Amino acid sequence: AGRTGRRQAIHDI
Amino acid sequence: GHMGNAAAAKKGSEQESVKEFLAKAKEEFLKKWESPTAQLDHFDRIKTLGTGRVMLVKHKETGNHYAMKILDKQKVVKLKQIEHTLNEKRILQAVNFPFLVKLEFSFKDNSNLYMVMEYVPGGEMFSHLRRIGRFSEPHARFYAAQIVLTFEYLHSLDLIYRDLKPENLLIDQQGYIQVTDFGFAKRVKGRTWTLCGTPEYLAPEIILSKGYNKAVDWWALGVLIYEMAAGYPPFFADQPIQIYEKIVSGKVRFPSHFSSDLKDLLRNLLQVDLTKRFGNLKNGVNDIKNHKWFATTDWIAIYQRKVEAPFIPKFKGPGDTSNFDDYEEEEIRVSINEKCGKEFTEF
Ligand SMILES: CCCNCCNS(=O)(=O)c1cccc2cnccc12
């Protein structure tokens, strides 16, 4: 199972 | 050895010519970086091409179509992206490469920043990949070669890209790639420290809060090649925290249909140990370009766009958007008061 749609960038963790 | 005399000499000479090309490219980049254009009502807004937003627009005077990125100044400040947004504009205005999207205009108003780019009508690689499932190895290799050359160019200029993924790779009318989305691109001589990128594509050293270098782009290339050839990325889970745990373990499993040459390349790109990762060694980009998986790749022919593309998107007209998904349309509101003027004086 995982993300199949468009993936957004992250600006911080 | 692996190469006979004629082959070794041709390869050596080719590699020296690359150095000569890159030295000239650096001279040209620096001149633009040192001595670097429109307004909103010059364009008709047609349709949203992507959000995160980018709109297809038509220039009123010429009738040319473009992709206009619109950034809300207040949101940029709150998300701590001021410097990143200045980086994107400055880098795009100074670079020049066949696989990098071209910036045509930039401007700002009371509310927004605008970057007007060439419209690439074939759609995102992401769409095509999700629709077909996976690309065959030759098809994936054709795209991968373009990224290798693009990173060879960018890294020679001390530019790190930091957001490789199929969503950011557009297919042009000839079936070649245009890289978009330079919001995380940065001039970096050695190390940098910002935690940014897209979870599935982050190298372990980013997740582990280490100072990291341009080798994060080579890790991301490994993720991209894997995803193109498998249909899904190598570290795959529903939530970011779970993705990060898989990346830092570094255990990678491969589909049974991957060739051994491909698996070898990917083990060397998806390498946690930076002293062993391809693209980060003494031989530089040549460890990648000379790998067996790329043995059929004519690097100059790719650069010259003379290789027949595996896939040519359908195109019905200059403003056609059939290769793009639909998004909710939001009117572009411009406040009567200037927002964040001091923060964006240099834009
Ligand atoms: C997470 C999904 C990210 N997708 C980014 C790439 N697609 S886009 O629509 O924003 C776009 C951006 C920039 C230039 C373009 C030039 N022609 C077409 C589209 C363009």
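Enquirer: Just to check I follow, could you spell out the overall build of chain B for this structure?
Expert: Broken down by element type, chain B carries 11 helices and nine strands. Once the C-alpha set of chain B is aligned to its principal axes, its extents read approximately 70 × 40 × 40 Å.

Enquirer: What am I meant to see in the environment of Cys196(B) here?
Expert: Structurally, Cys196(B) can be placed in the loop between strand 9 (186-187) and helix 6 (204-207). Once the C-alpha coordinates of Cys196(B) and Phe235(B) are considered, the two residues, 39 residues apart in sequence, prove to be 17 Å apart. Residue contacts for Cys196(B): discarding those within four places in its chain leaves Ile10(A), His84(B), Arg162(B), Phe184(B), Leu202(B), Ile206(B) and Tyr212(B).

Enquirer: Quick question: what am I supposed to make of the UniProt feature "active site" in chain B here?
Expert: Those places that UniProt annotates as "active site" correspond, in this numbering, to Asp163(B). Looking at where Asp163(B) falls in the secondary structure, it is placed in the loop between strand 6 (159-160) and strand 7 (169-171). The contacts of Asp163(B), once residues within four sequence positions are left out, are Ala9(A), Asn168(B), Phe184(B), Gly197(B) and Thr198(B).

Enquirer: What is the right way to look at the pattern of salt bridges in this model?
Expert: Pairing is possible between side chains that carry opposite charge, provided their charged atoms lie close to one another. Between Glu88(B) and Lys69(B) there is a salt bridge, and its shortest N-O distance comes to 2.9 Å. Separated by 19 residues along the polypeptide, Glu88(B) in helix 3 (residues 82-94) and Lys69(B) in strand 3 (residues 65-72) bring together distant segments of the chain.

Enquirer: Looking at this structure, how should I read the packing of aromatic side chains?
Expert: For any pair of aromatic rings, geometry is given as the distance between the ring centres together with the angle between the planes. Residue and element names in this part refer to chain B. On the basis of an interplanar angle of 85° and a centroid distance of 6.4 Å, the ring pair of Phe 43 and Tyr 66 is categorised as edge-to-face. Ring geometry for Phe 43 and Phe 105: centres 6.0 Å apart, planes at 70°, overall edge-to-face. Taken together, the ring pairs connect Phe 21, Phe 97, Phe 99, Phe 135, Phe 142, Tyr 143, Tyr 153, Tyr 176 and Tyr 303 into an aromatic cluster. Its end group placed over the ring of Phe 347, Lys 89 keeps NZ or CZ at 5.3 Å from the ring centre. When the ring centre of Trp 293 is taken as reference, the NZ or CZ atom of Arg 141 above it lies at 4.9 Å.

Reading the values: the criteria
- Residues numbered from 1 in each chain as written, not as in the entry; some residues may be left out.
- Chains lettered and ligands numbered in written order.
- Heavy atoms only, no water.
- Residues with missing side-chain atoms left out of burial classes, pairs and counts.
- Helix = DSSP H or I, 4+ residues; strand = E, 2+ residues; numbered from the N terminus.
- Contact = heavy atoms within 4.5 Å.
- UniProt positions renumbered as here; feature names shortened; annotations may be inferred.
- Salt bridge = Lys/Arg side-chain N within 4 Å of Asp/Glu carboxyl O.
- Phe/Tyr/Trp six-rings, centres within 6.5 Å; stacked < 30°, edge-to-face > 60°.
- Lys NZ or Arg CZ within 6 Å of the ring centre and 35° of its normal.

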